[PDB]
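Trainee: let me see the structure of the following:
(chains A, B, C, D, E, F, G, H, I, J and K)
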Amino acid sequence: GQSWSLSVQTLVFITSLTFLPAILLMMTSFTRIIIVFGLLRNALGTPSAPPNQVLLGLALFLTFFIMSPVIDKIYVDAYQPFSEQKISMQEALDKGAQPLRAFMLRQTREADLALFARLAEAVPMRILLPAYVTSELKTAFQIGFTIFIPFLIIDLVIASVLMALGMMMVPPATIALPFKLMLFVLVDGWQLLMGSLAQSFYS
Amino acid sequence: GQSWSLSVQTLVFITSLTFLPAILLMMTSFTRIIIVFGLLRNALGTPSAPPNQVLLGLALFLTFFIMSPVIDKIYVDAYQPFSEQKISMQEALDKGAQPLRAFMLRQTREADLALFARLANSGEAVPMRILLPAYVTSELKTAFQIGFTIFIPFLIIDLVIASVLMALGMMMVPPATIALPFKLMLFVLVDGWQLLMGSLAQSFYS
Amino acid sequence: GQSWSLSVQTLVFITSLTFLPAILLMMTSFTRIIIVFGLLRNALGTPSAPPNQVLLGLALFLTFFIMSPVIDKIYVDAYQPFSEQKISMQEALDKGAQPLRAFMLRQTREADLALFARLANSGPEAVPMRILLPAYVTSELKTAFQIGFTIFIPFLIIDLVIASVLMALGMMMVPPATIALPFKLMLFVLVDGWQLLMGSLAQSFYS
Amino acid sequence: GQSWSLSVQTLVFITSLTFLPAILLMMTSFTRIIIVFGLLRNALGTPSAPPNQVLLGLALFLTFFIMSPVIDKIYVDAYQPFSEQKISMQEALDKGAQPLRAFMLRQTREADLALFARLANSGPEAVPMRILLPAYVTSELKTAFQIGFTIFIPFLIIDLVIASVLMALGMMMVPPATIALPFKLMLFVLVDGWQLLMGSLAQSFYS
Amino acid sequence: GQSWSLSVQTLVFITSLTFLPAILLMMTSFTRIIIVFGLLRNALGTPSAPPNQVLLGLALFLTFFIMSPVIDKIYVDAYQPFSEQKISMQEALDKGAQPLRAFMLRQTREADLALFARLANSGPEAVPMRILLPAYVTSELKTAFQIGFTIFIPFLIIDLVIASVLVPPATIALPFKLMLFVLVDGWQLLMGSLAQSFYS
Amino acid sequence: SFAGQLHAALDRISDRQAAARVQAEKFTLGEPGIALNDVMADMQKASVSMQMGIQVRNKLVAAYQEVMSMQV
Amino acid sequence: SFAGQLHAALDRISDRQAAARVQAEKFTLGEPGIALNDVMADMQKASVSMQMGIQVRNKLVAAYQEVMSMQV
Amino acid sequence: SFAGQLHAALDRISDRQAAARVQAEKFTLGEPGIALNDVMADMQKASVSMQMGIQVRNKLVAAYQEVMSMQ
Amino acid sequence: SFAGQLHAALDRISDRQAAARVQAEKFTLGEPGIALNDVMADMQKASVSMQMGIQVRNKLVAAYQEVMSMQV
Amino acid sequence: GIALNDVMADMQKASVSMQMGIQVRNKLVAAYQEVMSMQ
Amino acid sequence: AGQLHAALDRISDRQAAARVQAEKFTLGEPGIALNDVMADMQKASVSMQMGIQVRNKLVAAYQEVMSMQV
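Mentor: Numbers count the residues shown, from 1 in each chain, chains lettered A, B, ... in the order given. Next comes the structure:
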């Protein structure tokens, strides 16, 4: 294979930064995390209690902490023999994006790639990306449900108790929010939470 | 034979690269999808639950998968007789826009064709003008016709959970905070997207 | 009648190509259509349900369909003698603005014209272009609101009746809109709202 | 006395044409009208109900019609001598900008003029440029809102009364604005809205 | 040891200043205050009764006050040595961000560095900047929830004792809560406990 | 009245251009009475006037676009 | 029928350009009948026509984008 | 697919530019076969090809940007 | 890591400009030992490197601002 | 009199001072506005 | 403000002086020597060029200032 000139090299390089936000952050890395966070905040019955400019940043740091092996492999085996000019761009790009796909193929559904192969180990890029976004969503929701369960239990139990305490016209939201907050902060909420996230996304 | 020079050819190509993407995505192939995604998102009682970028990317890939046969016909019958300059641009344009006209002419409710016809006062291979809005309207009809059936199950869930919550004499309690988890559970338990997109495409499949 | 040279005709033509589309669409032919579309979309209870780039194409194809007669008159009476050099650009402009002027005159209100006359302080169809155009913009944007509210009426009816039905069933803690929206869309598509809407609007403009 | 040359005349004329928009439209002529229009658009409960283009065009036709007499007097006193080489530019600028200041001096409130006096320490009609232009900008800002409040009040009353009559029926969960918008447009049409609006704005700018 | 040219120096200046909202003011200064503001606002049962545009300003004016020693030491021991010209832009930023790291260590829990380091997966003081900041924001969320629940308790007791008389209780109770809150003047003791817990 | 003055300016330009063109024409035929040092100057003056006109147009359309681009 | 008008305009432009180029070829090849005052006089008219075309293109495209970017 | 066309365009621009460059280099060494009227044409053609490429890229990028900002 | 890459690229783009400045200095003295076209090309190379740097800056800032401007 | 280019040099220096100040002011007020807007 | 007026007037004067001198030389006057007029006209042209350059710079600066998103 030939080698691209400097003009087209810098062209494609400056261009890739345009696709960078979507292709790196949304359909590849952590959309599950932001979906989980939005769900969870909708579960505390208080929209935008922690501002989004904190949760988004924490999600970015989390995804840079959970993509250590893939960025490691890419960095070494691509940029190490490319910063010393031993391999061509149009081939180093693929040799670097190979282990990223090897990571993708582990978090997609073990069956959905078929459901995108009909509608269409070494599956192409056109098929995997949607067949991976869909099966990242279908598990982000499956995790959000488990997150919702305990707060729903708390709300139901406090409603049943206050009803057994003989009162019908009191809104349990204000009387139950402090209990949710104290139980979530007493059980090491964010620590165990991050931990479970990294473990289910990493294993 | 008449033709176009190279300068005006590249000029009209660069020009079409402005209109073609925006509207030939909007008013041609997939405006019948993003409306459904919006109605779904509104149905789950959780606005902007999936980020708009993910939805607008999934719709784009879905429409680049619904547009396999049309784009393939266009590619062959246009480029293979033109990419090696075996035909004039001015006629290859029509010979390549024919399949799009056919695909449009399939997905269309005649009422709008008749409306616009009786409007423009004309008197069978319809022209470009009289077909386009009569197709956009016939798409916007079935869009809502699908969205309502999408709304039906979650509406039923909300109603039944509200009735059950009212049966226990607990009138003062927000229903949505309890409905949302059950909604997401029933959704993910019935293979939500692999059936949603599937039914959508297979309905777009006539 | 004289005639401008070919070094200023092209100049004024290119210059008018800047204004003509934007301004002579926003305040000359169709500004009652996008207002009605926006009000209807805000009436469905689902803002930005159809993308803002779809409506802006339909509301323009409707325009290029309703402007058949006046653009036909302009085309014949201006181009047909011009392209064969029997008239002058300086005269072609006026003889082509004549029929559009009459069409615009048909649509304006009664009192607004005389009000703008006072506001310009001119004595006593031969109305000028300087004072007719705003008396038309106002006559358009005042009747677009009437059409819009007439469109609103049934959706308000549906919302009120579904709210009353939900309340009379003894369920106070239920959001009405989340139950109203599907019935709104179903009633809309049940009577072919788009077709009859676009048709009655274009026919009203025609009359 | 003496005058300039043709080159520098064209130079300063083109530079003035460059300055024209910001230096004459935003801070000398009608900056109250667009603020009134914006506050109205926010009062109807529907941001961007009409497009910004038609409103910005109407607020320009209106200010042309309002400034007609001042621009007429300036036209006479500036062009009529200068079209036939009677006066020089270095005096034409003063003789033209004098009656414009005679107009712009009424709207200004002398309290703010004294505040800019304290700001520039000028000895005590014939007020120079630097101490006057902001004394007009701020005195127009301080009156645009006093008109906008008068505009708002009826719509606020409508919203409050519809909210109260709604709450009085046991529907404490349905938002009132969804029902208010139709009645708001209905009332804004039923009272000959836009013509009366413009006319009252003009007269209130007059005296 | 050499400094940077003027072009790249002002470029880094503008760029590092562009980080202003999130990574400089939102996760270092007042990610604790506004969460408590929202919690307390919803505690009163009147969401968005005071305009948010006055609450954010008050929070910003408070977090500027509560970060006076750090920013003052940074000014003194950076902008004088910088205009002393014996220091370089990179060395300036590092030696001036060191007290930021000390302050960060002042408000992180007794075993959060461990989790975020094992996540950073590096052998065990001497903690880089990438480990501290998220480990900072996490403990910030924890302590903010804690103080918020502390403030929640008394108003919950008030709601209970006014509702236990039996009729909408919240409507007729809102003025009582507001009256007790203005009688106790919760702002002063609130801001005092806030500062005293922020130094810990 | 504003279109009137615009037409007046356009006529002031076009009449000078037509005079220069007619002079060049009636000179290239060899007709006696026209000189080179006249047609050249007339040409140059017409070109300068056209340049002034196009500059005025450009400034005015830029100002109008800036005005209509604002947000009310 | 506006697309037909645009097709006719583009046809006229490309016809003028191709005719000028064919005249240029028939000149430089050595054939008789061209005199360097027809090829060099049309290599400017064709360019001016192309410039008019691209100017109208730019104006129409900008107006279309402004329209479709309305705050509806 | 569609990435094939990207590769085709990029490796049809890069090879043209490299051919023009190696021709200019073999010329500046005085190697017999170049005449200073063949390198200029190839250089200008490579320039206009690169210009067309970056114009297509600008159009496609702006379109994809306007698409991803919808609702 | 990646945090080092920031000021790595910064000093890599600053040292070239420092060398260019020292070359321009030791040339503008009239000193024999430095070529004119040498520094004239080196300055252009430094300028294009600076352009590349500010373009990458703009792209990265735009991306980071766009991703941090959504609803989680 | 004055030296030859130092007039244009001072004009360029004032221009770049205006530029730097305007960029700083714009970025700072934009950050302040985008921080002062939330729930 | 109130000083650039004087600068434009000085440019007008530097132009009008050389212009009047030229118009006095051609019309048969034994007062000029064909060398003062040329140098003075060139100097006037240079002055006018400097003036229009300063105007361009000031207009650019003002347009940059006003076009900011405050």
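
Trainee: is stretch A:153-164 anywhere near chain B?
Mentor: Yes - judged by C-beta under 8 Å from any C-beta of the partner chain, stretch A:153-164 comes into contact with chain B at A:155, A:156, A:159, A:163. In short, each C-beta sits where N, CA and C put it, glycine included.

Trainee: in three-state terms, label residue A:86 for me.
Mentor: Classification of residue A:86 by DSSP: H, G, I helix; E, B strand; the rest coil places it in coil.

Trainee: next one: phi and psi at it?
Mentor: Per-residue torsions, residue A:86: phi -120, psi -10 (degrees, to the nearest 10).

Trainee: what is the neighbour count of it?
Mentor: Look at residue A:86: counted by other C-beta atoms under 10 Å in any protein chain shown, it has 9 neighbours.

Trainee: hey, C-alpha coordinates of stretch A:50-70 in PDB?
Mentor: Taking C-alpha atoms only, stretch A:50-70 is exported to PDB below (Å, rounded to 0.1, in the frame of the first residue of the first chain):
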ATOM      1  CA  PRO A  50     -27.200  17.700  40.800                       C
ATOM      2  CA  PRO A  51     -26.500  19.900  37.800                       C
ATOM      3  CA  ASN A  52     -25.800  18.200  34.500                       C
ATOM      4  CA  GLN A  53     -22.500  20.000  34.200                       C
ATOM      5  CA  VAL A  54     -21.200  17.800  37.000                       C
ATOM      6  CA  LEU A  55     -22.700  14.400  36.000                       C
ATOM      7  CA  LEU A  56     -21.500  14.800  32.400                       C
ATOM      8  CA  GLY A  57     -18.000  15.600  33.600                       C
ATOM      9  CA  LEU A  58     -18.000  12.700  36.000                       C
ATOM     10  CA  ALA A  59     -19.200  10.400  33.200                       C
ATOM     11  CA  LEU A  60     -16.300  11.600  31.000                       C
ATOM     12  CA  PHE A  61     -13.800  10.900  33.700                       C
ATOM     13  CA  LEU A  62     -15.400   7.500  34.400                       C
ATOM     14  CA  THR A  63     -15.200   6.500  30.700                       C
ATOM     15  CA  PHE A  64     -11.600   7.600  30.500                       C
ATOM     16  CA  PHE A  65     -11.000   5.400  33.500                       C
ATOM     17  CA  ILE A  66     -12.800   2.400  32.000                       C
ATOM     18  CA  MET A  67     -11.100   2.600  28.600                       C
ATOM     19  CA  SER A  68      -7.600   2.000  29.900                       C
ATOM     20  CA  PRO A  69      -6.900  -1.300  28.100                       C
ATOM     21  CA  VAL A  70      -8.200  -0.300  24.700                       C
END
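
Trainee: give me the buried positions along stretch F:12-20.
Mentor: Neighbour counts over stretch F:12-20 (16 or more other C-beta atoms under 10 Å in any protein chain shown) mark F:13, F:14, F:16, F:17, F:20 as buried.

Trainee: circling back: so which of the residues of stretch A:153-164 next to chain B is the most crowded?
Mentor: Result: residue A:155 is most packed of the residues of stretch A:153-164 next to chain B (other C-beta under 10 Å), 22 neighbours.

Trainee: list the residues that contact that one.
Mentor: Residue A:155 sits next to A:172, A:176, A:180, B:173, B:177, B:178 when contact means C-beta atoms under 8 Å, 6 or more residues apart in numbering or on different chains.

Trainee: remind me which helix or strand it belongs to.
Mentor: Using DSSP states H and E, residue A:155 falls within helix A:125-164.

Trainee: so which bits of that helix are buried?
Mentor: Buried positions in helix A:125-164, judged by neighbour count with 16+ other C-beta under 10 Å: A:126-141, A:143-145, A:147-148, A:151-152, A:154-155, A:158-159, A:162-163.

Trainee: ranges for the helices of chain F?
Mentor: F:3-28, F:36-69 (DSSP state H).

Trainee: just give the closest residue to residue F:67, not the sequence neighbours.
Mentor: Sequence neighbours aside, residue D:21 is the residue nearest to residue F:67 in space, at 5.4 Å (criterion: C-beta to C-beta, 6 or more residues apart in numbering or on different chains).

Trainee: ignore the last one, residue F:57
Mentor: Spatial nearest neighbour of residue F:57, excluding adjacent residues (C-beta to C-beta, 6+ apart): residue C:15 at 5.8 Å.

Trainee: against chain D, how distant is the one you found?
Mentor: 15 Å (C-beta to the nearest C-beta, to the nearest Å).

Trainee: separation between that residue and chain B?
Mentor: Using C-beta to the nearest C-beta, one gets 21 Å for the distance from residue C:15 to chain B.
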